[PDB]
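Engineer: File input-v3.txt below, compact mmCIF, C-alpha atoms:
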# COMPACT_ATOMS: atom_id res chain seq x y z
CA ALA A 2 -10.44 -2.78 18.21
CA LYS A 3 -8.89 -1.58 14.96
CA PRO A 4 -5.52 -3.18 14.15
CA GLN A 5 -2.34 -1.10 13.95
CA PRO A 6 -2.76 1.58 11.25
CA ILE A 7 -0.38 2.08 8.33
CA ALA A 8 0.62 5.35 6.64
CA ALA A 9 2.48 4.51 3.43
CA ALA A 10 4.30 6.93 1.11
CA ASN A 11 4.38 5.76 -2.51
CA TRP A 12 6.87 8.19 -4.02
CA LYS A 13 6.36 6.58 -7.46
CA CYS A 14 8.96 7.56 -10.06
CA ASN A 15 10.02 10.79 -8.36
CA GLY A 16 12.98 12.25 -6.50
CA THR A 17 16.48 13.68 -6.57
CA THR A 18 19.22 13.14 -4.02
CA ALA A 19 18.67 16.70 -2.81
CA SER A 20 14.87 16.53 -2.60
CA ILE A 21 14.95 13.16 -0.83
CA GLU A 22 17.47 14.39 1.74
CA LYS A 23 15.21 17.36 2.53
CA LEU A 24 12.03 15.29 2.78
CA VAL A 25 13.63 12.54 4.85
CA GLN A 26 14.79 15.23 7.28
CA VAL A 27 11.17 16.42 7.54
CA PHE A 28 10.05 12.87 8.30
CA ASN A 29 12.85 12.40 10.86
CA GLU A 30 12.03 15.62 12.74
CA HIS A 31 8.32 14.72 13.04
CA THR A 32 7.89 12.93 16.37
CA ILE A 33 5.10 10.36 16.12
CA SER A 34 3.42 9.60 19.44
CA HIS A 35 0.98 6.78 18.58
CA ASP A 36 1.22 3.20 17.33
CA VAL A 37 1.41 3.39 13.53
CA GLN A 38 3.57 1.66 10.93
CA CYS A 39 4.90 4.29 8.55
CA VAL A 40 6.29 3.11 5.21
CA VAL A 41 8.32 4.93 2.58
CA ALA A 42 8.63 3.41 -0.91
CA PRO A 43 11.31 5.19 -2.98
CA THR A 44 12.48 4.19 -6.43
CA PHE A 45 14.95 1.31 -6.49
CA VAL A 46 17.96 3.55 -7.12
CA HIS A 47 17.07 5.70 -4.09
CA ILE A 48 16.73 2.81 -1.61
CA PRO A 49 20.36 3.06 -0.36
CA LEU A 50 20.06 6.83 0.15
CA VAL A 51 16.82 6.46 2.13
CA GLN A 52 18.35 3.60 4.13
CA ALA A 53 21.29 5.85 5.05
CA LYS A 54 19.23 8.91 6.00
CA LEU A 55 15.88 7.73 7.41
CA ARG A 56 15.98 7.34 11.18
CA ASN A 57 12.42 7.86 12.42
CA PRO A 58 11.68 4.66 14.41
CA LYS A 59 8.09 4.44 13.11
CA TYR A 60 9.25 3.88 9.50
CA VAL A 61 10.19 0.92 7.33
CA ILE A 62 11.36 1.10 3.72
CA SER A 63 9.45 -0.63 0.92
CA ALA A 64 10.10 -1.41 -2.72
CA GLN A 65 7.49 -0.27 -5.26
CA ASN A 66 7.63 -3.58 -7.21
CA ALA A 67 9.70 -6.75 -7.52
CA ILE A 68 9.93 -10.01 -9.41
CA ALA A 69 10.05 -13.32 -7.53
CA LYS A 70 13.47 -14.68 -8.46
CA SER A 71 16.90 -13.54 -9.59
CA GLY A 72 18.12 -14.46 -13.05
CA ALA A 73 17.98 -13.36 -16.68
CA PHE A 74 15.50 -10.48 -16.26
CA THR A 75 17.31 -7.39 -17.55
CA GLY A 76 16.05 -4.23 -15.85
CA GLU A 77 14.17 -5.94 -12.99
CA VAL A 78 14.86 -6.26 -9.26
CA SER A 79 14.10 -9.53 -7.48
CA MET A 80 12.83 -10.34 -4.00
CA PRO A 81 16.07 -12.10 -2.93
CA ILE A 82 18.03 -9.01 -3.98
CA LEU A 83 15.78 -6.76 -1.88
CA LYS A 84 16.02 -9.09 1.13
CA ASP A 85 19.82 -9.08 0.90
CA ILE A 86 19.90 -5.26 0.88
CA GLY A 87 17.60 -5.13 3.92
CA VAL A 88 14.23 -4.35 2.32
CA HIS A 89 11.43 -6.63 3.52
CA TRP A 90 8.34 -4.65 2.43
CA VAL A 91 7.02 -4.45 -1.12
CA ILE A 92 4.05 -2.85 -2.91
CA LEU A 93 2.57 -5.24 -5.47
CA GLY A 94 -0.14 -4.93 -8.09
CA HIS A 95 -0.32 -1.14 -8.11
CA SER A 96 -2.83 0.10 -10.67
CA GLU A 97 -0.07 1.69 -12.77
CA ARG A 98 1.58 -1.72 -13.13
CA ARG A 99 -1.73 -3.49 -13.79
CA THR A 100 -2.49 -0.92 -16.52
CA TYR A 101 0.89 -0.05 -18.06
CA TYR A 102 3.10 -3.03 -17.30
CA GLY A 103 1.05 -6.17 -17.93
CA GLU A 104 0.22 -7.23 -14.36
CA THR A 105 -2.94 -9.33 -14.61
CA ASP A 106 -4.79 -10.61 -11.55
CA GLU A 107 -2.86 -13.89 -11.82
CA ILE A 108 0.54 -12.20 -12.22
CA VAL A 109 -0.15 -10.04 -9.16
CA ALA A 110 -1.31 -13.10 -7.20
CA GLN A 111 1.87 -15.00 -8.08
CA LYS A 112 4.07 -12.07 -7.01
CA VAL A 113 2.20 -11.71 -3.70
CA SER A 114 2.51 -15.45 -3.00
CA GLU A 115 6.24 -15.44 -3.72
CA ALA A 116 6.79 -12.35 -1.56
CA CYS A 117 4.94 -13.97 1.35
CA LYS A 118 6.99 -17.16 0.97
CA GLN A 119 10.13 -15.00 1.15
CA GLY A 120 9.08 -13.27 4.37
CA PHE A 121 7.99 -9.90 2.99
CA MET A 122 5.27 -7.69 4.27
CA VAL A 123 3.15 -7.00 1.18
CA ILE A 124 0.93 -4.04 0.35
CA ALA A 125 -1.27 -5.65 -2.31
CA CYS A 126 -3.25 -3.16 -4.40
CA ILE A 127 -6.79 -3.69 -5.69
CA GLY A 128 -9.41 -1.36 -7.15
CA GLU A 129 -11.94 -0.76 -9.93
CA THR A 130 -11.91 1.59 -12.91
CA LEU A 131 -14.45 4.34 -13.52
CA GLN A 132 -16.02 2.15 -16.22
CA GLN A 133 -16.31 -0.82 -13.84
CA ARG A 134 -17.93 1.35 -11.15
CA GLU A 135 -20.43 2.85 -13.60
CA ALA A 136 -21.30 -0.70 -14.70
CA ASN A 137 -21.97 -1.58 -11.02
CA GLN A 138 -19.05 -4.04 -11.06
CA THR A 139 -17.04 -2.59 -8.14
CA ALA A 140 -17.60 -5.47 -5.71
CA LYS A 141 -17.18 -8.18 -8.35
CA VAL A 142 -13.90 -6.61 -9.51
CA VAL A 143 -12.24 -6.07 -6.13
CA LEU A 144 -13.36 -9.50 -4.90
CA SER A 145 -11.98 -11.12 -8.07
CA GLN A 146 -8.65 -9.35 -7.55
CA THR A 147 -8.58 -10.34 -3.87
CA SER A 148 -9.69 -13.94 -4.40
CA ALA A 149 -7.01 -14.42 -7.07
CA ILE A 150 -4.40 -13.42 -4.49
CA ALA A 151 -6.05 -15.51 -1.77
CA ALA A 152 -6.01 -18.66 -3.92
CA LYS A 153 -2.19 -18.75 -3.69
CA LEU A 154 -1.89 -17.99 0.05
CA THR A 155 -2.07 -20.12 3.15
CA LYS A 156 -4.02 -18.81 6.12
CA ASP A 157 -0.84 -17.92 8.02
CA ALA A 158 0.49 -15.92 5.05
CA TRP A 159 -2.25 -13.33 5.68
CA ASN A 160 -0.31 -12.00 8.68
CA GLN A 161 2.08 -10.55 6.08
CA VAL A 162 -0.63 -9.08 3.81
CA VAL A 163 -2.00 -5.54 3.78
CA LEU A 164 -4.68 -4.66 1.25
CA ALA A 165 -4.71 -1.23 -0.40
CA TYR A 166 -8.02 -0.32 -2.02
CA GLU A 167 -7.38 2.42 -4.59
CA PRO A 168 -10.25 3.22 -6.98
CA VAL A 169 -8.44 3.84 -10.25
CA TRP A 170 -10.51 6.97 -10.86
CA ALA A 171 -9.14 8.48 -7.62
CA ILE A 172 -5.42 7.94 -8.32
CA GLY A 173 -3.74 11.26 -9.07
CA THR A 174 -7.00 12.78 -10.36
CA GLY A 175 -7.99 15.03 -7.46
CA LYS A 176 -11.24 13.04 -7.12
CA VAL A 177 -10.96 11.31 -3.74
CA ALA A 178 -13.50 8.68 -2.79
CA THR A 179 -15.95 9.89 -0.19
CA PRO A 180 -15.66 8.31 3.27
CA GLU A 181 -18.90 6.45 2.54
CA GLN A 182 -17.64 5.13 -0.82
CA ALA A 183 -14.38 3.91 0.71
CA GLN A 184 -16.02 2.38 3.80
CA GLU A 185 -18.52 0.47 1.65
CA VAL A 186 -15.74 -1.29 -0.25
CA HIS A 187 -13.58 -1.90 2.84
CA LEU A 188 -16.61 -3.44 4.55
CA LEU A 189 -17.33 -5.88 1.72
CA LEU A 190 -13.64 -6.80 1.47
CA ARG A 191 -13.38 -7.56 5.19
CA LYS A 192 -16.60 -9.59 5.08
CA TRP A 193 -15.23 -11.69 2.22
CA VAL A 194 -11.98 -12.27 4.13
CA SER A 195 -13.92 -13.16 7.28
CA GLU A 196 -16.05 -15.77 5.51
CA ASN A 197 -13.45 -17.19 3.12
CA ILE A 198 -10.17 -16.96 5.08
CA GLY A 199 -11.18 -16.66 8.74
CA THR A 200 -12.80 -14.36 11.30
CA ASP A 201 -9.46 -13.93 13.09
CA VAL A 202 -7.67 -13.03 9.85
CA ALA A 203 -10.34 -10.46 9.00
CA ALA A 204 -10.15 -8.72 12.38
CA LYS A 205 -6.36 -8.25 12.11
CA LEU A 206 -6.17 -7.37 8.41
CA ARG A 207 -5.19 -3.82 7.52
CA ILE A 208 -7.21 -2.48 4.58
CA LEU A 209 -5.80 0.90 3.50
CA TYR A 210 -7.45 3.48 1.27
CA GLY A 211 -5.58 5.32 -1.46
CA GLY A 212 -6.39 7.75 -4.23
CA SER A 213 -6.07 11.52 -3.68
CA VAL A 214 -5.58 11.26 0.09
CA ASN A 215 -4.34 14.52 1.60
CA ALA A 216 -3.84 16.00 5.06
CA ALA A 217 -7.29 17.65 5.03
CA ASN A 218 -9.37 14.59 4.06
CA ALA A 219 -7.42 11.88 5.88
CA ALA A 220 -8.93 12.12 9.38
CA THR A 221 -12.53 11.78 8.18
CA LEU A 222 -11.57 8.74 6.09
CA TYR A 223 -9.78 7.20 9.06
CA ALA A 224 -12.88 7.67 11.24
CA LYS A 225 -14.65 4.96 9.22
CA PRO A 226 -14.57 1.61 11.07
CA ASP A 227 -12.99 -0.52 8.31
CA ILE A 228 -10.29 1.90 7.07
CA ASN A 229 -6.86 1.16 8.60
CA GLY A 230 -4.72 3.88 7.02
CA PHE A 231 -3.54 5.10 3.67
CA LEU A 232 -1.42 4.54 0.59
CA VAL A 233 -0.42 8.07 -0.41
CA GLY A 234 1.00 9.19 -3.75
CA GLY A 235 1.32 12.90 -4.50
CA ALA A 236 0.88 14.11 -0.93
CA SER A 237 3.67 11.80 0.29
CA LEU A 238 6.23 13.93 -1.58
CA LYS A 239 5.30 16.93 0.59
CA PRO A 240 5.65 17.87 4.28
CA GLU A 241 1.88 17.40 4.75
CA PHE A 242 2.57 13.66 4.90
CA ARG A 243 3.23 14.39 8.60
CA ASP A 244 -0.41 15.36 9.11
CA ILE A 245 -1.60 12.32 7.15
CA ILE A 246 0.33 10.12 9.62
CA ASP A 247 -1.20 12.00 12.52
CA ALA A 248 -4.67 11.52 11.00
CA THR A 249 -4.37 7.83 11.99
CA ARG A 250 -4.48 8.76 15.70
Would you mind writing the file's structure down as C-alpha cells?

Structural biologist:
Amino acid sequence: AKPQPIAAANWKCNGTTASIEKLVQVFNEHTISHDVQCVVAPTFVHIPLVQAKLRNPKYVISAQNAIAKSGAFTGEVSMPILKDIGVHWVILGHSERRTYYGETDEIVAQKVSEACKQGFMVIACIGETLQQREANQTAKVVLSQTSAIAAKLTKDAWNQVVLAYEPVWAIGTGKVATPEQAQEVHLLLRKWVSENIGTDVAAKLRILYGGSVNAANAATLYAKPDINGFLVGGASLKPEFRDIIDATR
C-alpha cells in the first residue's frame, strides 16, 4: 500500500575526489534487492565525478539547490544547466538555505514550481524549529510551508514532488525525532494533501523523514505507516548508508 520508498543522501558541503571515489564504490558494491529509489546529492563541483563513477541501478543523482533560470546570477547554478548536464532531481528549501541563505516560504515555493515545470523530481523540505514546536506551532508551520508550495503547483505536478519533513532541532544535533513524533507530522501532512490536493495524490505522495537518521533507528521509523523513507545528512557520508537503504525493505 505504501508508495515506492526513497533513501536520499544529502552530502551537504562535504567531499574530496578521493573520499567520493571510495564511498561511491561502497554504494556500487551494495546490491539492493527491493524497490527503492536511492538518491545521492553531491556538491555541484562533484556532480561530474559522481556521474562518472556511480553505477548502482537503484540510484539517481540530485542537486542540493538551484535557481530557476540562467543569466546574470554569479555563483549560482540554474535548472536548465542541471538538465543539460543530465541532473533531473533537486533538493529545494533545505533548512540550511531557509535559515542561512534567505529562502522564505515564497522563495522555496517559486523554486519548486519552476523545477516541476522543467521536469525535475523535487525533494521539497519543510519543518519547524525548536521554538515553534515548544509554542505548539508545529502543524501550523509545516502546513504553511506546504500550502505555500501547493499554491504554485497544478495537481499533476505533484507526481514530481517528494516532501521531506526535517524538524530543525533534529538536523545534525543527534536528537532524532521519535517514531511517534515523526508519524504524527507525516499523518497531518498527508491528510492536508488528501483534502486539499486529492485523495489519489495523497496515497502516492512520498513523505520522507530527516534529522539524525542512522542505520540503527531507520527501520523503526520506516515501520510507521506514513513514513516513506529518509533524507540523510551525516550518516550518508558513511558506509552505514547501505543499512539505511535496507531499512526501507

Engineer: Fewer than 4 positions away in the same chain doesn't count, so skip those; otherwise give me all residues within 12 Å of residue 45 of chain A, counting only C-alpha atoms, as an mmCIF file with C-alpha atoms, in the coordinates of the input.

Structural biologist:
data_model
loop_
_atom_site.group_PDB
_atom_site.id
_atom_site.type_symbol
_atom_site.label_atom_id
_atom_site.label_comp_id
_atom_site.auth_asym_id
_atom_site.auth_seq_id
_atom_site.Cartn_x
_atom_site.Cartn_y
_atom_site.Cartn_z
ATOM 1 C CA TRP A 12 6.870 8.190 -4.020
ATOM 2 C CA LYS A 13 6.360 6.580 -7.460
ATOM 3 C CA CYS A 14 8.960 7.560 -10.060
ATOM 4 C CA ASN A 15 10.020 10.790 -8.360
ATOM 5 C CA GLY A 16 12.980 12.250 -6.500
ATOM 6 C CA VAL A 41 8.320 4.930 2.580
ATOM 7 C CA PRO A 49 20.360 3.060 -0.360
ATOM 8 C CA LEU A 50 20.060 6.830 0.150
ATOM 9 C CA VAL A 51 16.820 6.460 2.130
ATOM 10 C CA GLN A 52 18.350 3.600 4.130
ATOM 11 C CA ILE A 62 11.360 1.100 3.720
ATOM 12 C CA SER A 63 9.450 -0.630 0.920
ATOM 13 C CA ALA A 64 10.100 -1.410 -2.720
ATOM 14 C CA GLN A 65 7.490 -0.270 -5.260
ATOM 15 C CA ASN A 66 7.630 -3.580 -7.210
ATOM 16 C CA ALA A 67 9.700 -6.750 -7.520
ATOM 17 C CA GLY A 76 16.050 -4.230 -15.850
ATOM 18 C CA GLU A 77 14.170 -5.940 -12.990
ATOM 19 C CA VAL A 78 14.860 -6.260 -9.260
ATOM 20 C CA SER A 79 14.100 -9.530 -7.480
ATOM 21 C CA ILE A 82 18.030 -9.010 -3.980
ATOM 22 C CA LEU A 83 15.780 -6.760 -1.880
ATOM 23 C CA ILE A 86 19.900 -5.260 0.880
ATOM 24 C CA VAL A 88 14.230 -4.350 2.320
ATOM 25 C CA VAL A 91 7.020 -4.450 -1.120
#

Engineer: Could you state the separation of atom CA of residue 37 of chain A and atom CA of residue 6 of chain A in Å, given to one decimal place?

Structural biologist: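 About the pair atom CA of residue 37 of chain A and atom CA of residue 6 of chain A: they are 5.1 Å apart.
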
Engineer: Tell me, as a compact mmCIF listing (two decimals) with C-alpha atoms, in the frame of the given file, which residues lie within 8 Å of residue 205 of chain A, counting all atoms listed in the file; anything in the same chain fewer than 4 positions away does not count.

Structural biologist:
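Once everything was written out, this is selection_14.txt:
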# COMPACT_ATOMS: atom_id res chain seq x y z
CA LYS A 3 -8.89 -1.58 14.96
CA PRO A 4 -5.52 -3.18 14.15
CA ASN A 160 -0.31 -12.00 8.68
CA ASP A 201 -9.46 -13.93 13.09

Engineer: Compile the contact shell of segment 139-142 of chain A as an NGL selection string: residues with an atom at most 12 Å away, counting only C-alpha atoms, same-chain residues fewer than 4 positions apart removed.

Structural biologist: :A and (106 or 127-135 or 146-149 or 166-170 or 182-183 or 185-193)

Engineer: Just how far from atom CA of residue 30 of chain A is atom CA of residue 177 of chain A, in Å to one decimal?

Structural biologist: 28.6 Å

Engineer: List the neighbours of residue 162 of chain A out to 7 Å using only C-alpha atoms; skip same-chain residues closer than 5 positions along the sequence, and give me the result as a list in words.

Structural biologist: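 Result of the neighbour search: residues 122, 123 and 124 of chain A.
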
Engineer: Write a file of the just-selected residues containing C-alpha atoms, as a short mmCIF file (atom, residue, chain, number, x, y, z; two decimals), keeping the file's coordinate frame.

Structural biologist:
data_model
loop_
_atom_site.label_atom_id
_atom_site.label_comp_id
_atom_site.auth_asym_id
_atom_site.auth_seq_id
_atom_site.Cartn_x
_atom_site.Cartn_y
_atom_site.Cartn_z
CA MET A 122 5.27 -7.69 4.27
CA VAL A 123 3.15 -7.00 1.18
CA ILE A 124 0.93 -4.04 0.35
#

Engineer: Give me the segment 31-113 of chain A side of the contact with segment 220-244 of chain A, cut-off 10 Å, one line per residue showing its nearest atom pair and distance in Å at one decimal, counting all atoms listed in the file, sorted by chain and residue number, as a tab-separated table.

Structural biologist:
residue	atom	partner	partner_atom	distance
A:31	CA	A:243	CA	6.8
A:32	CA	A:243	CA	9.2
A:33	CA	A:243	CA	8.7
A:37	CA	A:230	CA	9.0
A:38	CA	A:230	CA	9.4
A:39	CA	A:230	CA	9.7
A:40	CA	A:232	CA	9.1
A:41	CA	A:237	CA	8.6
A:42	CA	A:237	CA	9.8
A:92	CA	A:232	CA	9.8

Engineer: Go ahead and dump the residues you just picked, C-alpha atoms, as a PDB file, keeping the file's coordinate frame.

Structural biologist:
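Now in out-v9.pdb:
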ATOM      1  CA  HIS A  31       8.320  14.720  13.040  1.00  0.00           C
ATOM      2  CA  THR A  32       7.890  12.930  16.370  1.00  0.00           C
ATOM      3  CA  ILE A  33       5.100  10.360  16.120  1.00  0.00           C
ATOM      4  CA  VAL A  37       1.410   3.390  13.530  1.00  0.00           C
ATOM      5  CA  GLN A  38       3.570   1.660  10.930  1.00  0.00           C
ATOM      6  CA  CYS A  39       4.900   4.290   8.550  1.00  0.00           C
ATOM      7  CA  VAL A  40       6.290   3.110   5.210  1.00  0.00           C
ATOM      8  CA  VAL A  41       8.320   4.930   2.580  1.00  0.00           C
ATOM      9  CA  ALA A  42       8.630   3.410  -0.910  1.00  0.00           C
ATOM     10  CA  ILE A  92       4.050  -2.850  -2.910  1.00  0.00           C
TER      11      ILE A  92
END

Engineer: Please report the interatomic distance between atom CA of residue 93 of chain A and atom CA of residue 19 of chain A in Å with one decimal.

Structural biologist: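 Those two atoms sit 27.3 Å apart.
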
Engineer: Hey, which of A:112, A:97, A:250, A:61 ends up closest to residue 173 of chain A? Count only C-alpha atoms.

Structural biologist: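 With only C-alpha atoms as the atom set, the closest residue is A:97.
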